[PDB]
Amino acid sequence: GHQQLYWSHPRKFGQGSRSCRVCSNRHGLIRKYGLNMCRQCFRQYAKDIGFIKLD
Amino acid sequence: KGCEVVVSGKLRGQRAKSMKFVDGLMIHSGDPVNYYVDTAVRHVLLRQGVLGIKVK
Amino acid sequence: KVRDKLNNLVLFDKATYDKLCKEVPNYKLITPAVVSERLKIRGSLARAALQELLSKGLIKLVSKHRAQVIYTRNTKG
Amino acid sequence: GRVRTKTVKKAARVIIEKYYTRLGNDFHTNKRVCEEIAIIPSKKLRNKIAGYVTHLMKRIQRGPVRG
Amino acid sequence: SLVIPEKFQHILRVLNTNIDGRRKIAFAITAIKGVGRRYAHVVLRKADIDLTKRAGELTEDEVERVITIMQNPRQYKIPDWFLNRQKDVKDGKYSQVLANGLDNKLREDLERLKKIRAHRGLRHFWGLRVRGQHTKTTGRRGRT
Amino acid sequence: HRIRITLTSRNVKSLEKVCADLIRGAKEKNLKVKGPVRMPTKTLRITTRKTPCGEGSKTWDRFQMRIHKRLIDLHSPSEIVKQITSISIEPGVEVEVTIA
Amino acid sequence: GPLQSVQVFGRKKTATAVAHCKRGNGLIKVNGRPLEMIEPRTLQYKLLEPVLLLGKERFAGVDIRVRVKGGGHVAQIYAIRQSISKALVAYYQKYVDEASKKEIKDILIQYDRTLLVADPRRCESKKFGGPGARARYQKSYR
Amino acid sequence: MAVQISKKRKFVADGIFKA
Amino acid sequence: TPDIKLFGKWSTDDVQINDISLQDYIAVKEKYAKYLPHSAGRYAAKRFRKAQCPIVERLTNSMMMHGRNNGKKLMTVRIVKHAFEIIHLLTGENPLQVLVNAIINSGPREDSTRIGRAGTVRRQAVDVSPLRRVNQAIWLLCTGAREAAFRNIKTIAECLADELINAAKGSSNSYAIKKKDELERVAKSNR
Amino acid sequence: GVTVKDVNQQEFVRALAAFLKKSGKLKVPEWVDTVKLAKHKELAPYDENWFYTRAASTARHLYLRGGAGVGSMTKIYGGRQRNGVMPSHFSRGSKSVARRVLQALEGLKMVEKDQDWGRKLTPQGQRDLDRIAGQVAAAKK
RNA sequence: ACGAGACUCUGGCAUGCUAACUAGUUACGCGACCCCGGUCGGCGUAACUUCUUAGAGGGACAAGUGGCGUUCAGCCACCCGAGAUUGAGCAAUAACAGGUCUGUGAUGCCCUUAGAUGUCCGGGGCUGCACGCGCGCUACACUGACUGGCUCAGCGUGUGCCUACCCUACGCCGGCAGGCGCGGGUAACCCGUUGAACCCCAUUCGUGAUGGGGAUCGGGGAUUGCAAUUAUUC
């Protein structure tokens, strides 16, 4: 029963159901407004998104 | 009328060093830095290590 | 440095009632705090006695509040 | 502390050098003069130019200046 | 009225405990182990006794009615969710315990856990915390 | 035919340029044009730490986006206002057409 | 017939109190409620201050109808107290002789500057590393 | 079409498309 | 008709200041006379702008201390008004005169300064500025009423009332007069 | 000419409580003695007949704003939630007592149902509220 | 020449300008209650930007007056005045053996690679306690605690790609935690006029480890999830 017990674990909810869409890590995710990455990747690619640190 | 290039990494030795070559004018503070200079950073992979490029 | 733990009576005995009726309408400022201090009774008991004396008409009202009330004697003239 | 910088004093000196015949003692009139003749990217800088020009006109009206 | 009444009972001997008579009847009955502030208002609302009197001037028939409400609270229309001991593992009855059934039933439940050897019983036997909280930083009055 | 056009963008100066040009075009086309309704702008504030690891003075960024939305109302048929709206659109300005 | 109407506002922190001066009898109502009927009642004399300094005969020709929203309680009291005085000053300036406006304005600024000029004080922005705009978290050594 | 994301998410998606 | 700025129900006129050194620092007479002890603000901005504040407002502002009472201006105002009620009904004297005479009588007029290194006990006698006289007088009255009204059956409207009249007659049964004259004794002990 | 908007509410609510006790046709709930008014409350009210007072305050708030339902009544009577060691928060009221208040105020002819949401005062109920407001004004006068 | 300054954002005002059925005001009609006049965030529509929204421009500069100063840079007080020191952002050369290889398909070298240091499933652990230390929360009460009534905001966010998981008015049931058919919003329209708390008023309490304080612990009932026991939460 390798096929039916290989990934029968439900990852429907929880932290590991989502991941970073830049580098695929599961720590420090930003889910607000659907960015779906960690803080470092947003800080590195924040200029081309259009977010400016005016304040 | 102003430029600045910075390199850092393995420059003929074990311990990394940083060489700076500045000629011209260079604004460092205020919003003219946001719209008078262009900053690009790249990584160069050599055989003995990784080398960094910073051009303004 | 004497402690003297106060044990206030919950209701009036004989001497407290006429002591109040002869001395409390002969004082300048009447509040339940000073009535409880002078007559060694409870705070709410002093409030009930002062409400009874207000209904009797021997005490005039000055100001009412949820914290404390102010009472004074009648004019002797 | 309100101490003017060297660019304000240099610009005020050269604008009172090359232009004197259209200046006065009112701060608003030579403020508009400095707005019309000199291209200045801001308003506070032009305002400080106008104030220092007014002060320099008031001292030139009394006596000569070495700058 | 505000004068002390005759046979004003000072110390009330109810259910082999000591009860002061100088306290309010909604609060002087709360000194009995097993009964608290919230359930005291319901008892003096089922019985026709006002809340504006002290405990020291009440007499035998009203305190006897209150003791009947203590011992048998179910058929005086007290709601079933208001009780402290519900759905028993021994017999399955709704009851209110007043310090004797309370103390011996808590003791019997603790020895039941210690006999059944559940980890709640082992933690009660060792003298630790059972609700699952951190012991590393607190509980410094455990032992010397 | 009552028509509503929305001028939503990120930069504000090109937004003022295209809204002034659209209002001027509706003025010269002899059309009843309403004034530019300025909606309250929305600020995009998310804050994060500076350093990638966990050491240092606890310092944070304040990244900001401002999106401005404008409304122009007209009373006109469909094809002429399609011809007007499909002229000189900026890459940073998004226009969307709705009909009542 | 013509209508005499001026519409004057006033602020303390964020509360906006907009008055309405129309010709009529002597009555002041804020949010439909009279001046003696606004919580808290401790500042009843603070509410009744401008009509008491300017007299009841000066207010006898103008109906006052103020609505207010924003701010807290004391800010709303100060806003409506500012708005009543500023509305009477602007009404006399618009219609009545200017000299009586000057005489009321002199005694109004002589009592307190708050009754005509708004106070420029707002809450400063909170910063990181501290619970407020100025305070910081407690520092530990060793 | 049945998704209709809000106005903030559209600009976020466009900027991340550009990135 | 503004015939007189009646402080609720007390008249701000016919009040006598006895000391001439505190004449321009206590403002209760004919200019800074309000209906309430609560004004707007901008009074602690510059250096000496707090000398123009009404003295009852300064007492109300210094009434609130110890964490749980900060910002509660209405509650301190009604304590002040009730305290004025007991002061008027207790002596037959105008309550503003009792406030003025207590601050003059409870003001420490000579001070000792800590001088030297940290730990050494050396004091040098200096005199107290008239503004600081009023300042420590108000602070002493407030802390005396505060520590009188703590774990006691007597309310703060009465504890504040007994504290000023004992400072007004100089009976030295109050706490402000106690620290005032031990401070004068310490300043006198080494000059 | 005197209305509800120029009547002091503190005497008004107890006068309405006396009037609703005198009327006595409100079909009060059976569990009025054993109930807690909100989950942020700690004891029962000391007033044994608070139902008339709560219905009076509900009628006053329905005059002040219309279209309110059971959910708007829970927001009005909310307060601080003291969970002891926990920092305090804001907690709303209980839904069933507001439901019972509005069924009592509908069963007595004072309130009919507003269209599509909430409830609103009958003009006869407005007459009753204004008449007792004038009564309180005449008593104070 | 860099740095400071200069520059940008926000607050503080302008009854002047441009504009608004996704914001209102003022008038008019209808409707409801009362004693001839008051209230309506009730209904509907003739002007307007006084409130609100946000665009361009203006305004404060040591500008004036009186002093001090070599009478030069500047300083002090006052009048008219919304402000005569608002807060933040950016922030130079030089280096630290400062931290991050556990942010990355950024990375050199070394180790390991089928009885695996890759990967997956099931269970456990990161929470385990003689004790010490740091950041914090609640209190030690009567400037208070409980119970009723009165009454006032601003930043925000909201149906997501694999990705399923949104915010909620309204009706009934139940003490309550909660449950079902019903409507709106992909958003200045719906929650919402965000009936927030502290405060205000009126009872109860009376110096008593007390009606302060709610730790520890027993029994019962709901929600989330495949799963709660070392109590998820209520």
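In chain J, numbers come from Swiss-Prot; the residues present are 3-143, in order.
Header says: electron microscopy, 3.6 Å.
Any Cβ shown, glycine's included, is placed from N, Cα and C.
The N6-acetyllysine annotation in Swiss-Prot covers J:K23, J:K111, J:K115, and the record cites similarity to another entry as its basis. Sequence annotations record features per position, and here Swiss-Prot assigns omega-N-methylarginine to J:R67 based on similarity to another entry. Swiss-Prot lists J:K143 with the feature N6-succinyllysine, giving similarity to another entry as the kind of evidence.
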Between J:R67 (omega-N-methylarginine) and J:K111 (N6-acetyllysine), find the distance joining the two CA atoms and give it rounded to the nearest Å. 19
Other C-beta atoms that fall within 10 angstroms of the C-beta of J:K111 (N6-acetyllysine): 12
Drop a 10 Å sphere on every Cβ of the modified residues J:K23, J:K115, J:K143 and tell me which sphere holds the fewest other Cβ atoms. J:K143
Around J:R67 (omega-N-methylarginine), how many other C-beta atoms are within 10 angstroms of its C-beta? 11
Measuring Cα to Cα, how many Å separate J:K23 (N6-acetyllysine) from J:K111 (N6-acetyllysine)? 15
Integer Å distance between the CA atoms belonging to the residue listed as 'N6-succinyllysine' and J:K111 (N6-acetyllysine): 30
How far is it from J:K143 (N6-succinyllysine) to J:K115 (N6-acetyllysine), counting Cα to Cα, in Å? 36
